[PDB]
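Scroll down for the structure; my scribbles are underneath it.
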Number of protein chains: 4
Amino acid sequence: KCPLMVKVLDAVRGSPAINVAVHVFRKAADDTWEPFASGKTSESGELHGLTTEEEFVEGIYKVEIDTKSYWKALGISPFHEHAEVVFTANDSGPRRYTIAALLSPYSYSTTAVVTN
Amino acid sequence: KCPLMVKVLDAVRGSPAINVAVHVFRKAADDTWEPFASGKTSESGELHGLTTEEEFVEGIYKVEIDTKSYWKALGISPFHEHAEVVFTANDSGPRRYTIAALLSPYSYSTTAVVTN
Amino acid sequence: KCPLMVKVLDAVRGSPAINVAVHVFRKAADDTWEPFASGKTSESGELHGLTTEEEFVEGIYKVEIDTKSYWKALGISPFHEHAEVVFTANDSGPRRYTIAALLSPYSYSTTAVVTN
Amino acid sequence: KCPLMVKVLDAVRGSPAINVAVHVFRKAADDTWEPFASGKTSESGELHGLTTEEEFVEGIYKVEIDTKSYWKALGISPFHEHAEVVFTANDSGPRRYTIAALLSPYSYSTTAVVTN
Ligand SMILES: O=C(O)CCO/N=C/c1ccc(O)cc1
Ligand SMILES: O=C(O)CCO/N=C/c1ccc(O)cc1
């Protein structure tokens with residue numbers, strides 16, 4: 001089952017953050033960021049199916065959550081351009097990665113839930 | 001389906017917070033706190049089945065999460081006695097309440113996800 | 001020289017949370033919450049001068065931050081009644097405590113900074 | 001008089017996060033990240049003196065907080081490589097920015113306090 005999931009919540013409305021664009025990148029050997037996967041959060045604030053076990057190999061990944069566009073669509077002026085979560089994915093440890101983000105106009109928190 | 005759910009995460013280990021005691025109270029007419037429901041978080045960090053739609057009427061509720069005992073069992077010295085979430089439950093609005101808590105030894109955050 | 005300080009920030013506006021009422025209680029020998037100190041946050045979101053080292057003895061304290069009133073004055077209907085921070089203080093000799101809170105309408109986080 | 005300040009707290013120890021490396025970048029006209037300023041947090045968890053009002057012109061800035069190195073020195077293997085805070089600055093005239101970060105091994109939150 002999916003090894004990388006993203007969950008986004010809205011701390012102003014107390015709801016999933018719906019239709020949030022999410023872009024994932026993998027760090028290339030020349031230290032640049034290579035597009036890897038993308039999607040939009042669902043009505044439950046979740047984004048599944050970004051990648052597969054076969055392709056999600058060890059390496060450094062960046063998950064960019066397009067928070068600015070989200071707040072603009074709600075008519076709220078935000079601080080950040082996006083929320084960026086940068087981490088190393090590794091094999092000897094819990095398999096499923098869930099990247100959770102809690103959004104406010106001038107603040108955000110992000111948490112990783114790593115389980116098998 | 002269940003109108004009050006609790007989800008607890010551990011920000012040190014990146015995992016659900018398992019076997020965390022949770023006590024819910026309702027505010028009585030004499031302004032005291034009346035025991036209402038309790039349980040222990042599951043292996044997924046979740047506590048379901050605390051109450052039913054029929055009994056969960058409008059009023060002020062307190063959800064106490066016994067964080068101190070959780071950290072002590074992990075051998076970590078914590079700051080808080082517990083995390084307390086106090087809110088009014090109301091009928092004209094999203095039906096399902098999810099009280100989420102993210103735990104660290106000297107900090108915690110709590111968020112409400114209200115949906116129907 | 002202030003042993004107990006409270007700092008509150010607004011995650012919607014990216015500013016200190018001004019004029020937030022704060023009530024402090026201490027658990028008495030008969031297990032009730034006795035009023036200990038109160039005040040309001042300043043223009044900087046800070047509340048100083050609640051107590052003195054002499055009066056701030058060992059005990060279990062509860063810091064109640066009146067978030068609901070804060071949001072109502074901004075025209076926002078928030079989820080929580082207040083943020084409650086409960087902790088044992090000075091059980092290993094005197095310490096200085098800063099209780100920080102970050103507020104959003106449906107979420108808040110609280111951290112403690114403890115120094116000798 | 002400092003227009004850009006960084007404050008970092010440790011949610012495990014309940015203390016300022018000391019000696020945390022911070023790198024600031026500004027997006028150049030060719031869309032690359034140009035080095036802008038860097039430093040390390042003090043005993044109070046604060047980093048001041050990164051720039052001057054004159055040099056801190058309008059632009060998109062990225063504040064990279066080197067959290068992984070911080071946790072490794074404490075013997076903790078954390079999830080994130082660093083915390084990245086990306087924002088447009090001074091697009092409506094000069095402002096003063098405080099970028100605050102609260103760190104846990106598998107979680108972090110960042111807030112901005114912006115004043116005129
Ligand atoms: O049960 C749910 O819907 C929430 C599951 O994911 N949320 C995680 C989370 C919640 C609150 C935080 O301050 C940080 C992370
Ligand atoms: O006591 C101290 O050292 C200063 C307290 O300032 N707290 C700032 C803060 C606290 C929690 C956050 O999630 C973001 C910023």
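A note on labels: chains of the structure tokens are A, B, ... as shown, every chain counts residues from 1, and ligands are counted from 1 in their shown order.
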
Within 9 Å of ligand 1, counting only C-alpha atoms and all ligand atoms, residues as a ChimeraX atom specification: /A:7-9,11,15-16,44-45,98-102,108-113 /B:5-9,11,46,98-103,108-113 /C:107-109 /D:107,109

Could you save those same residues with C-alpha atoms as a PDB file, in the first residue's frame?
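Final output, saved to result_18.pdb:
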ATOM      1  CA  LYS A   7      -2.820  15.172   4.850  1.00  0.00           C
ATOM      2  CA  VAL A   8      -3.616  18.887   5.113  1.00  0.00           C
ATOM      3  CA  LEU A   9      -5.844  20.603   7.695  1.00  0.00           C
ATOM      4  CA  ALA A  11      -6.803  25.644  11.472  1.00  0.00           C
ATOM      5  CA  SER A  15     -11.718  21.371   8.325  1.00  0.00           C
ATOM      6  CA  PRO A  16      -9.668  19.419   5.801  1.00  0.00           C
ATOM      7  CA  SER A  44     -10.925  14.809   3.108  1.00  0.00           C
ATOM      8  CA  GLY A  45      -7.710  16.828   2.817  1.00  0.00           C
ATOM      9  CA  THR A  98       2.317  10.333   6.251  1.00  0.00           C
ATOM     10  CA  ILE A  99       3.216  14.009   5.982  1.00  0.00           C
ATOM     11  CA  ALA A 100       0.608  16.005   7.891  1.00  0.00           C
ATOM     12  CA  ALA A 101       0.346  19.782   7.697  1.00  0.00           C
ATOM     13  CA  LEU A 102      -1.794  22.112   9.808  1.00  0.00           C
ATOM     14  CA  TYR A 108       1.995  26.138   9.868  1.00  0.00           C
ATOM     15  CA  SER A 109       3.059  22.937  11.516  1.00  0.00           C
ATOM     16  CA  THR A 110       4.112  19.713   9.883  1.00  0.00           C
ATOM     17  CA  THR A 111       4.489  16.281  11.380  1.00  0.00           C
ATOM     18  CA  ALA A 112       5.611  12.935  10.030  1.00  0.00           C
ATOM     19  CA  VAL A 113       3.817   9.746  11.040  1.00  0.00           C
TER      20      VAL A 113
ATOM     21  CA  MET B   5     -13.368  11.034  18.043  1.00  0.00           C
ATOM     22  CA  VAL B   6      -9.904  11.625  19.520  1.00  0.00           C
ATOM     23  CA  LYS B   7      -6.594  11.224  17.681  1.00  0.00           C
ATOM     24  CA  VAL B   8      -3.218  11.533  19.415  1.00  0.00           C
ATOM     25  CA  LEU B   9       0.224  11.708  17.772  1.00  0.00           C
ATOM     26  CA  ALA B  11       6.059  14.268  17.768  1.00  0.00           C
ATOM     27  CA  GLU B  46      -7.386   6.807  17.891  1.00  0.00           C
ATOM     28  CA  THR B  98     -12.388  15.040  15.772  1.00  0.00           C
ATOM     29  CA  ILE B  99     -10.099  16.333  18.507  1.00  0.00           C
ATOM     30  CA  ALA B 100      -6.508  15.870  17.359  1.00  0.00           C
ATOM     31  CA  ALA B 101      -3.528  16.331  19.656  1.00  0.00           C
ATOM     32  CA  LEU B 102       0.164  16.419  18.746  1.00  0.00           C
ATOM     33  CA  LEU B 103       2.387  15.716  21.743  1.00  0.00           C
ATOM     34  CA  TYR B 108       1.395  20.218  22.570  1.00  0.00           C
ATOM     35  CA  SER B 109      -0.985  21.368  19.904  1.00  0.00           C
ATOM     36  CA  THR B 110      -4.637  20.540  19.526  1.00  0.00           C
ATOM     37  CA  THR B 111      -6.909  21.019  16.564  1.00  0.00           C
ATOM     38  CA  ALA B 112     -10.581  20.389  15.940  1.00  0.00           C
ATOM     39  CA  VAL B 113     -11.757  18.948  12.631  1.00  0.00           C
TER      40      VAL B 113
ATOM     41  CA  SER C 107      -6.373  25.135  16.893  1.00  0.00           C
ATOM     42  CA  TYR C 108      -3.812  26.225  19.453  1.00  0.00           C
ATOM     43  CA  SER C 109      -0.402  25.099  20.589  1.00  0.00           C
TER      44      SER C 109
ATOM     45  CA  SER D 107       7.531  17.742  13.818  1.00  0.00           C
ATOM     46  CA  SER D 109       5.916  24.569  13.493  1.00  0.00           C
TER      47      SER D 109
END

Over all C-alpha atoms paired in order - RMSD of chain C on chain A: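 Rounded to one decimal, the C-alpha RMSD is 1.1 Å.
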
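Each of D:28, D:59, D:17, D:1 was checked against ligand 2 using only C-alpha atoms and all ligand atoms; the smallest atom-to-atom distance is that of D:17.
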
6 Å contacts from chain B to chain D using only C-alpha atoms, as a ChimeraX atom specification: /B:11-12,14,104-107

Secondary structure check, strand (DSSP E) residues of stretch 6-111 of chain B, as a PyMOL selection string: chain B and resi 6-10+15-16+21-27+33-40+46-47+59-65+80-89+96-104+107-111

All residues 7 Å or closer to residue C:41, only C-alpha atoms, same chain fewer than 3 positions away omitted, as a PDB file with N, CA and C atoms, in the first residue's frame:
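Below you can see around-v5.pdb, which holds the result:
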ATOM      1  N   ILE C  18      -3.234  40.663  21.684  1.00  0.00           N
ATOM      2  CA  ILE C  18      -3.299  41.760  22.643  1.00  0.00           C
ATOM      3  C   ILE C  18      -4.592  41.679  23.456  1.00  0.00           C
ATOM      4  N   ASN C  19      -4.504  42.057  24.737  1.00  0.00           N
ATOM      5  CA  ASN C  19      -5.663  42.151  25.635  1.00  0.00           C
ATOM      6  C   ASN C  19      -6.337  40.799  25.857  1.00  0.00           C
ATOM      7  N   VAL C  20      -5.554  39.725  25.894  1.00  0.00           N
ATOM      8  CA  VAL C  20      -6.064  38.393  26.163  1.00  0.00           C
ATOM      9  C   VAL C  20      -6.092  38.191  27.675  1.00  0.00           C
ATOM     10  N   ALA C  21      -7.249  37.845  28.220  1.00  0.00           N
ATOM     11  CA  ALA C  21      -7.347  37.602  29.657  1.00  0.00           C
ATOM     12  C   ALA C  21      -6.712  36.262  29.988  1.00  0.00           C
ATOM     13  N   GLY C  45       1.802  41.156  23.451  1.00  0.00           N
ATOM     14  CA  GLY C  45       1.286  39.830  23.677  1.00  0.00           C
ATOM     15  C   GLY C  45       1.794  39.168  24.924  1.00  0.00           C
ATOM     16  N   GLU C  46       2.452  39.928  25.794  1.00  0.00           N
ATOM     17  CA  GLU C  46       3.077  39.384  26.987  1.00  0.00           C
ATOM     18  C   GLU C  46       2.363  39.810  28.259  1.00  0.00           C
ATOM     19  N   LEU C  47       2.402  38.922  29.248  1.00  0.00           N
ATOM     20  CA  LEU C  47       1.850  39.198  30.557  1.00  0.00           C
ATOM     21  C   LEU C  47       2.927  38.860  31.568  1.00  0.00           C
TER      22      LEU C  47
END

Atomic separation - atom CA of residue A:69 relative to atom CA of residue C:75, Å: 23.8 Å

Contact residues around residue C:60 with only C-alpha atoms at 10 Å, ignoring same-chain residues under 5 positions, as a PyMOL selection string: (chain B and resi 80-81) or (chain C and resi 25-28+31+33+86-91)

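Going from atom CA of residue D:4 over to atom CA of residue D:49, you cover 7.7 Å.
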
Nearest residue to ligand 2 from the set C:3, C:43, C:32, C:52 (distances using only C-alpha atoms and all ligand atoms): C:3
